[PDB]
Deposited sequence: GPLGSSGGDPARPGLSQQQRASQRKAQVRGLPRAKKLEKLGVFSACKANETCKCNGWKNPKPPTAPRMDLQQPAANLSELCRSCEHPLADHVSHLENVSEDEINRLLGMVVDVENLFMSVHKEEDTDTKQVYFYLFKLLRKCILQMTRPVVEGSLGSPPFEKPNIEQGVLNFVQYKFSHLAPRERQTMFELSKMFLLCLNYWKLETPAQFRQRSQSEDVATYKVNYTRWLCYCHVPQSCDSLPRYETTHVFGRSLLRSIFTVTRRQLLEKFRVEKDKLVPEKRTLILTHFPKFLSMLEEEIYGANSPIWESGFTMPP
């Protein structure tokens, strides 16, 4: 997000050079080049410099940008930075499933710069939302269902803990399907791999690469994903508390220690219990 700020502050000539790298040549009706390649060994390139690949000037790769607005140039530059970022991540990524998603998104964004379009993810994985009621609604229903009768102070503390839990879920990294496979039944794995891919494309990667449409984990998923992940999230949360507790202000420290474990235990019952009412779209409280 800081390399983004820096490139968006450059003179327009330099911005066009950066974009020319990812832009189609229109020197003539037959040139099929998809990007200007600087002929110099690796201050703005002159528009007359000839592409290494196709020998047509930079001008002919960026002429479509001559009259576009400043904000549209900056949107495109954002995609360039995300393309650079995804490219690094693809090469660095050990996990197959993750690497393939990063590579799909890399190609998607590169193609959008080439076509001056807006990215949208597409494939057999479907599009959001994935399940209703979603996690955010389930958790709201849970707080009403179990805690409505508490005194207003204790009730506020549960609400605050619910908001913290939802914020955690929205930034927490899911297990890879390979990790999930090591603790689960083999037939559960294919369904988790679809949800993990959805999660990466719609939720997690867009947090780092904001040219992609961004959806909250807790808004597009529901009980099924929550059943897959919750026991690990819970373990990770309680462990993180053990590590960080003493950096919290004492009021928060005490409240987490004495109310959060039970909140999580009680939510676990509603997540996995066949008989829970909080996952019905019709959920309401008595008058």
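- Unmodelled regions of the deposited chain sequence (numbering from residue 1, in sequence order): 1-21, 64-72.
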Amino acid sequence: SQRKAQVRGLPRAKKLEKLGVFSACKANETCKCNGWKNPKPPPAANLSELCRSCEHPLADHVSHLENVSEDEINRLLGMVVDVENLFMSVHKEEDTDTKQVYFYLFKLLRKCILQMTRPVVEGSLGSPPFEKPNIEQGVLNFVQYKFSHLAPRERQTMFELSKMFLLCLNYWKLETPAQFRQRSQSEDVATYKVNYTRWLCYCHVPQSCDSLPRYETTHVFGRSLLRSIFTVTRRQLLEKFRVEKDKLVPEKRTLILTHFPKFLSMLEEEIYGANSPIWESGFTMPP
From here on, numbers count along this sequence of modelled residues.
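- Note on 239-247 vs 61-69: mean CA B-factor is higher in 239-247.
- Between 151-159 and 137-145, the higher mean Cα B-factor belongs to 151-159.
- Across the residues 40, 234, 219, 253, the deposited record lists the maximum Cα B factor for 253.
- Residue-level temperature factors show residue 91 in the highest third of its chain, judged at the C-alpha atom.
- Among the modelled residues of its chain, residue 174 has a C-alpha B-factor that falls in the lowest third, as given in the PDB entry.
- Ranked against the other modelled residues of its chain, the C-alpha B-factor of residue 85 as given in the entry falls in the middle third.
- Sort the modelled residues of the chain by CA B factor and residue 36 lands in the middle third.
- In the PDB entry, a CA B factor belonging to the middle third of its chain's modelled residues is recorded for residue 25.
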